[PDB]
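Numbers and lists here come from the model and the stated rules, or from a named source; none is laboratory data. With ideal geometry, Cβ positions are generated from the backbone for all residues, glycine too; neighbour counts draw on all protein chains shown.
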Amino acid sequence: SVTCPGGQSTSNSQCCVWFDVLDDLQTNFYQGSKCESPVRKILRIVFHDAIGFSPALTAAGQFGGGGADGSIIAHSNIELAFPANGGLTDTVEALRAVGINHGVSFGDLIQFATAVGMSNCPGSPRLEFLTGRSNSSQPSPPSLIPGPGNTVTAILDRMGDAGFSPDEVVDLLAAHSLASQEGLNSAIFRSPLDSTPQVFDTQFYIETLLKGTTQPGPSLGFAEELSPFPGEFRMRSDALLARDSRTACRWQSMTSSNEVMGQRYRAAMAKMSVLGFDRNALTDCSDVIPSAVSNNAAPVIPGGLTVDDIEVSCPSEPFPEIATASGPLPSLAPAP
Ligand code: HEM
Ligand SMILES: *[C@@H]1O[C@H](CO)[C@@H](O[C@@H]2O[C@H](CO)[C@@H](O)[C@H](O)[C@H]2NC(C)=O)[C@H](O)[C@H]1NC(C)=O
Ligand SMILES: [Ca+2]
Ligand SMILES: [Ca+2]
Ligand SMILES: [Mg+2]
């Protein structure tokens with residue numbers, strides 16, 4: 001053990017700098033420990049930084065990307081021009097400055113900001129935090145980030161190459177429970193992907209399985225499907241993964257228990273946090289990560305819809321008993 005310069009007790013002196021980074025992030029980047037756009041942007045960033053990793057390219061003698069190396073910041077000049085990386089510039093520059101000021105690697109910083117940001121959203125599990133990733137990195141090869149217009153086969157092959165099973169793909173998607181879109185249909189800027197964009201809950205899994213009946217915007221944007229109610233945006237990839245036979249049963253099992261969702265997500269994130277590195281080479285500073293307030297609401301089928309309005313796609317398993325709310329159909333406000 002060690003007692004940091006500010007009284008904070010911790011398990012390794014390497015963790016001490018992280019207490020200052022936490023105070024900076026919570027005060028400035030997160031504007032007072034809030035769960036708003038910055039957390040959502042950072043979650044996009046962690047996935048896009050880490051997923052630039054490909055054992056297949058490497059086995060073939062090409063550079064496959066360094067994974068969770070902070071390349072998205074170090075080489076943003078290249079990576080931020082990738083089609084899937086739009087609307088990230090400002091967040092990346094904000095993060096670039098904190099890492100430079102505290103002398104922490106861009107790779108560790110992205111993982112830390114992710115774990116910290118999630119602590120600001122009720123319902124979130126406490127993400128593991130390892131430190132020690134080298135600050136050096138090479139730009140990620142292009143075409144390694146799954147897109148919303150991709151087929152399930154395509155998404156699974158790419159993610160499978162990175163090292164994730166179909167189950168883990170569904171688990172990692174719990175992040176869309178704290179999501180909106182700004183670039184798929186700018187006419188409905190920040191339309192959320194679930195009714196609770198500030199609560200890490202199973203609503204996303206439930207709501208994407210409902211029959212699509214509504215066009216929330218003036219028109220249908222890129223990769224946009226009909227959603228279940230006004231204000232909610234539904235992206236094609238999500239609607240497809242919810243219904244595909246390879247992923248439908250896992251998606252269905254995520255509807256009933258926030259606890260189980262959180263456990264699986266934490267596990268898949270721990271795995272994604274070290275793509276490109278050896279975990280037994282890093283230092284564990286999980287003790288620095290704050291806890292999120294608990295979510296006590298029960299998973300519900302909102303606004304009068306019933307299991308009848310759910311497009312049950314898992315045959316082997318019956319759809320769980322969930323609480324039903326009374327009507328009318330809600331109309332979602334833009335995510336903050
Ligand atoms: C199967 C792959 C996935 C695809 C195809 C996908 C696609 C997208 C797209 C197109 C957007 C809309 C962004 C915009 O237009 O502003 C978005 C939002 C988001 N994605 Fe994903 N995503 C996937 C997996 C993930 C994963 C694994 C994470 C993180 C762990 C994640 C976290 C987020 C978050 C939090 C947002 C919200 C951004 C905001 O509200 O500003 N996504 N995603
Ligand atoms: C991590 O690497 C980056 C570059 O990859 C370093 O960033 C540069 O830092 C200098 C000051 O040290 C700035 O004037 C440059 O603008 C930065 N460049 C970029 C692309 O951001 C960073 O300082 C390194 N950090 C550590 C702790 O080694
Ligand atoms: Ca990367
Ligand atoms: Ca939610
Ligand atoms: Mg009905």
Item to check | From the options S180, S186, residue that is in contact with a strand residue (DSSP E or B) (Cβ under 9 Å, 6 or more places away or on another chain), assigned by CATH to the domain that holds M254 and among the polar types (S, T, N, Q) | outcome: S180
Item to check | Selection count, segment 103-148, where residues are within 16 Å of ligand 4 (Cβ to nearest atom) and either part of a loop (DSSP other than H, G, I, E, B) or in contact with a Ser or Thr (Cβ under 6 Å, 6 or more places away or on another chain) (or both) | outcome: 7
Checklist entry - Hey, among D278, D287, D309, which residue is in contact with a strand residue (DSSP E or B) (Cβ under 6 Å, 6 or more places away or on another chain) and in the same structural domain as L25 (by CATH)? => result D287
Checklist entry - Of (1) surrounded by fewer than 23 Cβ atoms within 10 Å (Cβ to Cβ); (2) in contact (Cβ under 8 Å) with a residue 12 or more places away in the chain, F129 satisfies all except one. Which? => result (1)
Checklist entry - Listed residues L43, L57; which is surrounded by fewer than 22 Cβ atoms within 10 Å (Cβ to Cβ), closer than 29 Å to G163 by Cβ and under 20 Å from the mean Cα position of the chain (by Cα)? => result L43
Checklist entry - Which members of segment 217-240 meet the condition of being over 22 Å from the mean Cα position of the chain (by Cα) and free of Cβ contacts under 8 Å to residues at least 60 places away in the same chain? => result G217, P218, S219, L220, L226
Checklist entry - Out of (1) closer than 22 Å to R279 by Cα; (2) among the aliphatic types (A, V, I, L, M); (3) outside the structural domain of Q31 (by CATH), what's the single condition that is false for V152? => result (1)
Checklist entry - Taking segment 302-320, which residues are without any contact (Cβ under 8 Å) to a residue 40 or more places away in the chain, assigned to a loop (DSSP other than H, G, I, E, B) and exposed (fewer than 13 other Cβ atoms within 10 Å of the Cβ)? => result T306, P315, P318
Next on the checklist: Among the residues in segment 208-218, are any of a type in the set (D, E, K, R), outside any helix (DSSP H, G or I) and farther than 23 Å from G147 by Cβ?
Outcome noted: yes
Next on the checklist: Suppose we filter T202, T131, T196, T153 for residues that are touching a strand residue (DSSP E or B) at 6+ places or on another chain (Cβ under 8 Å), among the hydroxyl-bearing types (S, T, Y) and more than 11 Å from ligand 1 (Cβ to nearest atom); which single one remains?
Outcome noted: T131
Next on the checklist: What's the total number of residues in segment 216-229 that are exposed (fewer than 15 other Cβ atoms within 10 Å of the Cβ) and either of a type in the set (V, I, T) or out of contact with any helix residue (DSSP H, G or I) (no Cβ under 6 Å at 6 or more places or on another chain) (or both)?
Outcome noted: 4
Checklist entry - Limited to segment 183-203, what total is found for residues that are more than 6 Å from ligand 4 (Cβ to nearest atom) and not in a loop (DSSP other than H, G, I, E, B)? => result 5
Checklist entry - Of all residues in segment 136-190, which are among the basic types (K, R) and within 16 Å of the chain's Cα centre (by Cα)? => result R190
Checklist entry - Quick one: how many residues across segment 302-313 are closer than 16 Å to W251 by Cα and either within 24 Å of the chain's Cα centre (by Cα) or among the β-branched types (V, I, T) (or both)? => result 4
Checklist entry - Being among the charged types (D, E, K, R), touching a residue at least 12 places away in the same chain (Cβ under 8 Å), away from ligand 5 (no atom under 16 Å from the Cβ) and surrounded by fewer than 20 Cβ atoms within 10 Å (Cβ to Cβ), is that true of even one residue in segment 99-121? => result no
Item to check | segment 287-301: number of residues that are surrounded by 16 or more Cβ atoms within 10 Å (Cβ to Cβ) and of a type in the set (S, T, N, Q) | outcome: 1
Next on the checklist: With surrounded by 14 or more Cβ atoms within 10 Å (Cβ to Cβ) and farther than 26 Å from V169 by Cβ as the only criterion, which of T283, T247 stands out?
Outcome noted: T283
